[PDB]
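Working notes for the structure below.
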Amino acid sequence: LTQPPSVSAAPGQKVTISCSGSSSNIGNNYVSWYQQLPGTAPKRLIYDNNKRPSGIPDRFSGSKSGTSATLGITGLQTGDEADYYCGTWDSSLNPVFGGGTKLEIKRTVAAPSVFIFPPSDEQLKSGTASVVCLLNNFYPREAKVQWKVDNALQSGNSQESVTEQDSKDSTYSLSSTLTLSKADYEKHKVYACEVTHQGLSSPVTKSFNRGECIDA
Amino acid sequence: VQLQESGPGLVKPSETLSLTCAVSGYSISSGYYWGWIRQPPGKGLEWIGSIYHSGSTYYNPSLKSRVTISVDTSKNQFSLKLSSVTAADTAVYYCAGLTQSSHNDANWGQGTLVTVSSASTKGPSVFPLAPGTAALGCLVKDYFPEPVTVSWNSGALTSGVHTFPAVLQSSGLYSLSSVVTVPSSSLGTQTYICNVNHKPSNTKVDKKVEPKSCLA
């Protein structure tokens, strides 16, 4: 069973997600659909091609035509971001599943709020320094973070992680972590992260000087 | 009716993966089927096997020689044994089962991550990310395997919380950060505690995050 990897539309709009199979699975057998929100188990939206389980709103609909099946979602809203899976039975009447489709809500552009965190004295005593740059509540996902230490561009010693679209406002957040040894951290003064994003007229920089802060 | 997977989150290569699904609120001998489905990180769903009302079992042909599914009536549980595991068996494993009627929603367990690796368990170190809006958080560093769970103020604080996907460091250990944005005016009066649990190492920590003394 093949599904498109992703679909997207604005709040209030409709999307369709299609599921291509063969005469041996979708062709002969019933199709179900599942919603999988981040970190949760699949939840059935549709069974027997077009039936809704109790508690599933009629914003969700299913249909089946030949060796294909379709899930429709109308009135898109900020809790609909999830992976959507088609499911049916194969020739042996064993369960098979599509590869899943990630739904993105196309909301309005939002600029990130940027925060920087020096390493804790507590960590420094452990011999390492993690410097963290937080980019909070932005849209769309595309963002660039650039680290500089005493004006030296850092390349290769940072890692970033991005949340899924927020269940409340459909934004993303991103955290970038710069890793240095304690010895290296204590050799430099100025630590800065520079953020570029659609919502910003120009790049935003947050910085600190080593020595300005002490643990509580 | 409630399904709950239990078993080790770390298994060494060539050894046997054992999981159990405890079923609450419904008899195990009254199920249409009980079964297992897995989902490798970032990927889709793969059926492993099922056991039917009579005790008859059906397995995924690509896994058949390695899979055993059985039921314990007295404990009202069913199990999965997957022998000779390799890194390719790393996945979130879900137990599932159908009750009451043919058209009823099957219930799912929470899913349990099983990592197949020759690396050993390691508990995390927890470091504070100390602070009209202020951001604060915790850095949960150098643990193995996934996952860790993070909450704030024992679940009382959920608004504005972002817990990022873990990043695999070049060291082969994971790190994760969790942040929350709060009113700046609350920093002097409200206590913020990040609650961290890493079940594979039996490590639980409650870390108070206190504002730094910072003169910039």
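Residues in the structure tokens are named by chain (A, B, ... in the order shown) and by number from 1 within that chain; ligands are numbered from 1 in the order shown.
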TODO: Please determine the contact residues of chain B with respect to chain A at a cut-off of 8 Å, counting only C-alpha atoms, and supply them as a PyMOL selection string.
DONE: chain B and resi 43-47+60+94+103-105+108-111+127-131+135+162-167+177+210-216
Open item on the list: Let me make sure I understand: among B:137, B:25, B:8, B:145, which one has the smallest atom-to-atom distance to residue 100 in chain B if we use only C-alpha atoms?
Closed with: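 Selected residue with least distance to residue 100 in chain B: B:25.
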Task: Coordinates-based distance that separates CA of residue 99 in chain B from CA of residue 80 in chain A (Å, one decimal) - done: 27.3 Å
TODO: Tell me, in Å to one decimal, how far CA of residue 23 in chain B is from CA of residue 88 in chain B.
DONE: 27.9 Å
- [ ] Grab the CA of residue 151 in chain A to CA of residue 142 in chain B distance for me, in Å with one decimal place.
- [x]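 Taking CA of residue 151 in chain A and CA of residue 142 in chain B, their separation equals 28.6 Å.
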Open item on the list: Let me make sure I understand: among B:59, B:186, B:91, B:152, which one has the smallest atom-to-atom distance to residue 39 in chain B if we use only C-alpha atoms?
Closed with: B:91
Open item on the list: Calculated over only C-alpha atoms, which of the candidates B:169, B:93, B:119, B:141 has the smallest distance to residue 156 in chain A?
Closed with: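 Among B:169, B:93, B:119, B:141, it is B:169 that comes nearest to residue 156 in chain A.
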Open item on the list: If DSSP is run on the backbone, what residues of chain B are strand (DSSP E)? A reply as a PyMOL selection string would be ideal.
Closed with: chain B and resi 2-6+10-11+17-24+33-39+46-52+57-59+67-72+77-82+91-98+107-108+112-116+125-129+133-143+149-152+161-163+167-168+174-183+193-198+203-208+213-214
Expected file: the selected residues, C-alpha atoms, as a CSV table (one decimal), in the first residue's frame:
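Below is the file that was written, selection.csv:
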chain,number,residue,atom,x,y,z
B,2,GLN,CA,-6.9,-1.2,28.7
B,3,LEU,CA,-3.9,-2.9,27.2
B,4,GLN,CA,-0.4,-2.3,28.6
B,5,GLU,CA,2.9,-3.6,27.2
B,6,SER,CA,5.8,-4.4,29.5
B,10,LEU,CA,17.2,-2.8,25.6
B,11,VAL,CA,18.0,-6.2,24.1
B,17,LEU,CA,12.9,-10.2,22.8
B,18,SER,CA,10.1,-10.9,25.2
B,19,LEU,CA,7.1,-8.6,25.7
B,20,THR,CA,3.9,-9.1,27.6
B,21,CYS,CA,0.6,-7.3,27.2
B,22,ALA,CA,-1.5,-7.1,30.3
B,23,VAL,CA,-5.2,-6.8,29.5
B,24,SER,CA,-7.5,-5.0,32.0
B,33,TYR,CA,-7.9,-11.6,18.2
B,34,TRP,CA,-4.8,-10.4,20.2
B,35,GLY,CA,-1.8,-9.3,18.3
B,36,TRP,CA,1.4,-7.4,17.9
B,37,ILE,CA,2.4,-4.6,15.5
B,38,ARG,CA,5.7,-2.8,15.3
B,39,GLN,CA,6.9,0.6,14.0
B,46,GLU,CA,4.4,-3.8,10.3
B,47,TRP,CA,2.2,-6.6,11.5
B,48,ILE,CA,4.0,-9.3,13.5
B,49,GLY,CA,1.3,-11.8,14.3
B,50,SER,CA,-2.0,-12.6,15.9
B,51,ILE,CA,-3.7,-15.2,18.0
B,52,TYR,CA,-7.4,-16.0,17.5
B,57,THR,CA,-1.8,-18.3,15.6
B,58,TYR,CA,-0.8,-16.5,12.3
B,59,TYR,CA,2.5,-14.9,11.8
B,67,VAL,CA,8.0,-15.4,16.4
B,68,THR,CA,6.0,-16.9,19.2
B,69,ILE,CA,2.7,-15.5,20.5
B,70,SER,CA,0.9,-17.1,23.4
B,71,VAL,CA,-1.8,-16.4,26.0
B,72,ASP,CA,-1.8,-16.9,29.8
B,77,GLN,CA,-2.0,-11.6,29.5
B,78,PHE,CA,-0.6,-12.4,26.1
B,79,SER,CA,3.0,-12.4,25.0
B,80,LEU,CA,5.5,-12.0,22.2
B,81,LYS,CA,8.7,-13.8,21.9
B,82,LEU,CA,11.0,-12.8,19.0
B,91,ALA,CA,11.1,-0.5,17.0
B,92,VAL,CA,8.1,0.6,19.0
B,93,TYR,CA,6.1,-2.6,19.7
B,94,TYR,CA,2.3,-2.3,20.1
B,95,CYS,CA,0.0,-4.9,21.5
B,96,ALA,CA,-3.5,-4.8,20.1
B,97,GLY,CA,-6.7,-6.8,20.3
B,98,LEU,CA,-10.4,-6.8,19.4
B,107,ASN,CA,-7.7,-1.4,21.6
B,108,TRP,CA,-4.0,-0.6,21.5
B,112,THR,CA,7.0,0.2,24.1
B,113,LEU,CA,10.3,1.1,22.5
B,114,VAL,CA,12.7,-1.8,22.2
B,115,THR,CA,16.3,-1.0,21.1
B,116,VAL,CA,18.5,-3.8,19.9
B,125,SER,CA,22.7,13.7,33.9
B,126,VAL,CA,20.2,16.5,34.3
B,127,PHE,CA,21.3,20.1,34.0
B,128,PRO,CA,19.2,23.3,34.4
B,129,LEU,CA,18.6,25.8,31.6
B,133,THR,CA,8.2,36.3,28.8
B,134,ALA,CA,11.1,34.1,30.1
B,135,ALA,CA,12.2,30.7,28.9
B,136,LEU,CA,13.6,28.0,31.2
B,137,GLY,CA,14.2,24.3,30.9
B,138,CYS,CA,16.3,21.2,31.6
B,139,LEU,CA,19.0,19.5,29.6
B,140,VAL,CA,18.9,15.7,29.9
B,141,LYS,CA,22.2,14.5,28.7
B,142,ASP,CA,24.1,11.3,27.9
B,143,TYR,CA,21.7,8.5,28.3
B,149,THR,CA,10.0,11.2,29.9
B,150,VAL,CA,9.9,14.8,31.1
B,151,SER,CA,7.2,16.6,32.9
B,152,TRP,CA,7.0,19.9,34.7
B,161,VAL,CA,6.0,23.3,27.4
B,162,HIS,CA,8.1,22.0,24.5
B,163,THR,CA,10.0,18.7,24.9
B,167,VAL,CA,19.4,13.7,19.5
B,168,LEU,CA,21.9,10.9,19.0
B,174,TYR,CA,21.3,10.5,23.6
B,175,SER,CA,20.5,14.0,24.8
B,176,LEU,CA,17.2,15.8,25.1
B,177,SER,CA,16.0,19.2,26.2
B,178,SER,CA,12.7,20.3,27.6
B,179,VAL,CA,11.7,24.0,27.8
B,180,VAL,CA,8.8,26.1,29.0
B,181,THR,CA,8.0,29.8,28.6
B,182,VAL,CA,6.6,31.6,31.6
B,183,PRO,CA,5.8,35.1,32.7
B,193,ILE,CA,10.7,21.6,38.7
B,194,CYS,CA,11.5,19.3,35.8
B,195,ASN,CA,10.6,15.7,36.5
B,196,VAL,CA,12.8,13.3,34.5
B,197,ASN,CA,12.4,9.5,34.3
B,198,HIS,CA,14.7,7.1,32.4
B,203,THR,CA,16.8,6.8,37.0
B,204,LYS,CA,14.3,9.3,38.3
B,205,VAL,CA,15.3,12.9,39.0
B,206,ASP,CA,13.3,16.1,40.1
B,207,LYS,CA,15.4,19.2,39.3
B,208,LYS,CA,14.5,22.6,40.5
B,213,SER,CA,22.6,35.6,39.2
B,214,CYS,CA,23.5,37.4,36.0
Open item on the list: Taking the DSSP secondary structure from the backbone, can you list the residues of range 64-163 of chain A that are alpha helix (DSSP H), as a list in words?
Closed with: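 Of range 64-163 of chain A, the ones in alpha helix (DSSP H) are residues 121, 122, 123 and 124 of chain A.
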Limited to N, CA and C atoms, could you put the picked residues into a file as a tab-separated table (two decimals), in the first residue's frame?
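Final output, selection15.tsv:
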chain	number	residue	atom	x	y	z
A	121	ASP	N	27.06	26.13	35.81
A	121	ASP	CA	28.27	25.83	36.57
A	121	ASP	C	28.31	24.35	36.88
A	122	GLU	N	27.13	23.79	37.14
A	122	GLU	CA	26.99	22.38	37.45
A	122	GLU	C	27.55	21.48	36.35
A	123	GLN	N	27.22	21.79	35.10
A	123	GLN	CA	27.73	20.98	33.99
A	123	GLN	C	29.22	21.21	33.79
A	124	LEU	N	29.66	22.46	33.92
A	124	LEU	CA	31.07	22.79	33.69
A	124	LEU	C	32.01	21.97	34.56
Task: Non-local contacts of residue 6 in chain A (8 Å; only C-alpha atoms; under 5 positions in same chain excluded) as a PyMOL selection string - done: chain A and resi 101-104
Open item on the list: What's around range 25-31 of chain A at 6 Å? Count only C-alpha atoms, leave out sequence neighbours fewer than 5 positions away in its own chain, and write the answer as a VMD selection string.
Closed with: chain A and resid 48 to 49 66 to 67 87 to 90
Would you mind exporting C-alpha atoms of the selected residues as a PDB file, in the first residue's frame?
ATOM      1  CA  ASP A  48     -15.285  -1.094   6.362  1.00  0.00           C
ATOM      2  CA  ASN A  49     -14.177   1.472   3.731  1.00  0.00           C
ATOM      3  CA  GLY A  66     -11.082  -0.213  -7.352  1.00  0.00           C
ATOM      4  CA  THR A  67      -7.610  -0.790  -5.936  1.00  0.00           C
ATOM      5  CA  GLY A  87      -4.888  -0.396   6.571  1.00  0.00           C
ATOM      6  CA  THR A  88      -6.412  -3.453   4.932  1.00  0.00           C
ATOM      7  CA  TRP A  89      -5.904  -7.202   4.579  1.00  0.00           C
ATOM      8  CA  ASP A  90      -3.685  -9.020   2.083  1.00  0.00           C
TER       9      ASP A  90
END
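Distances here use only C-alpha atoms; by that measure, the residue among A:59, A:182, A:144, A:189 closest to residue 203 in chain A is A:144.
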Open item on the list: With distances taken over only C-alpha atoms, which residue among B:101, B:185, B:159, B:154 lies nearest residue 30 in chain B?
Closed with: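 For residue 30 in chain B, the nearest of the given residues is B:101.
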